[PDB]
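Next comes just one chain, in structure tokens: the form deposited in one PDB entry.
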């Protein structure tokens, strides 16, 4: 097998990372102290789960993960929580002062004080790998650390690990649970400087997840705990092919081959179904056809956009549970003839299918009901340009008056970097139009 290192940056990256690693432990049968009674090879191994967990001589299974934040509050909760014995303590790195929701403080002034320590601690994990394939990087777009420090870290990882793949799980901002008025600026600046250095990025729209919690889970005012639990269930479905046996997306390179036809348009849309409240413990189990149809309903998407107003370039269906391959073939056949699903003329009009026959795991304390079969569809559609257009518009409204720009220029950043980043977003919108938005 080939190893993967996960890096969690800032509050959103750290809180989502904690929820993800808890779910990974329950899916693999790893206890909070790291013991795995099902693993017969003590001290090492070449198994599928070893891509995400190293092993000590005493049978402890340790996540190949680094948590970094510019202030200690959020990482201190990980150091004193239930899984405090699971992580390497040296791989929980904290500063004293945060980036104050300012990309420039995360990237140039405060972030510079800890970048070398973070890379030396990442190197210690890389040395323990026999065939490192790459990095999974978790972070918000809106935060100062999530935006600024992530772009500095991605710039440095491209120099020190030239041939290794880098994948992102990025949190796209929503007005309902946002922190700062400057989040559009931070999002455009980090998208500009990370674009060349990331091979594939899965955006998670906080508004899409907030709406799913309200409608499907009947949660009146969802909090980050509710959002993070649903996000971790979707991230798990995406990474399952790297941690278990299978035939689709078996390594980081294959994510790029199947979902990214050109380097810049590397933002796939994830759709997930079924999402059912835990208060409906006796719900009717949905068929393969019903859950597959739900993948083409905009309400079940991770990013708010309309794929009917766009063209598909790639489509992968990842099933988990009681799914017969014959029933998948029949459901896809209906999707091709009945529905208006348009592919680009230069891509093969087809669906790649992967089936893991173990049902999804539910965490104790979660809002989701147990289901016998679930599906995560990963598609590269030109309709995701609607998310970039919404964000670029909010940036333009403030930038035309130069509102808040002084806070960035005062922290070692040149004013020209804003116009350069914005033109790069204008070119990205044109890249989707050239393909077919």
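Residues that one form lacks are left out of the comparison. Residue numbers count along the first chain shown, from 1. For the two forms, the rigid core is made up of the largest set of C-alpha atoms that agree within 1.5 Å on superposition.
Omitted here: the form deposited in another entry. The next part is about that form.
Using the rigid core as the fixed frame, list which single one of 264, 280, 215, 309 shifts its Cα by at least 2 angstroms between the shown form and the other one. After core superposition, the single residue displaced by 2 Å or more is 280.
Does residue 354 show a Cα shift reaching 2 Å between the shown form and the other one after rigid-core superposition? Superposed on the core, residue 354 moves its C-alpha less than 2 Å between the shown form and the other one.
So, superposing on the core, is the move of residue 246 at the CA at least 2 angstroms between the shown form and the other one? Shift of 2 Å or more: yes.
Rigid core fitted, is the C-alpha displacement of residue 255 between the shown form and the other one 2 Å or more? Indeed, residue 255 is displaced by 2 Å or more.
Given that the CA-CA distance for residue 134 and residue 251 shifts by 3 Å or more in that other deposited form, does it become closer or farther? Compared with the form shown here, the C-alpha atoms of residue 134 and residue 251 sit farther apart in that other deposited form, by 3 Å or more.
Looking in that other deposited form, decide if the C-alpha atoms of residue 247 and residue 257 are closer or farther than in the form shown; they differ by 3 Å or more. They are farther apart; the C-alpha distance rises by 3 Å or more in that other deposited form.
Once the rigid core is overlaid, which residue runs, three or more long, move by 2 Å or more at each CA between the shown form and the other one? Segments displaced between the shown form and the other one after core fit: 246 to 256, 278 to 281.
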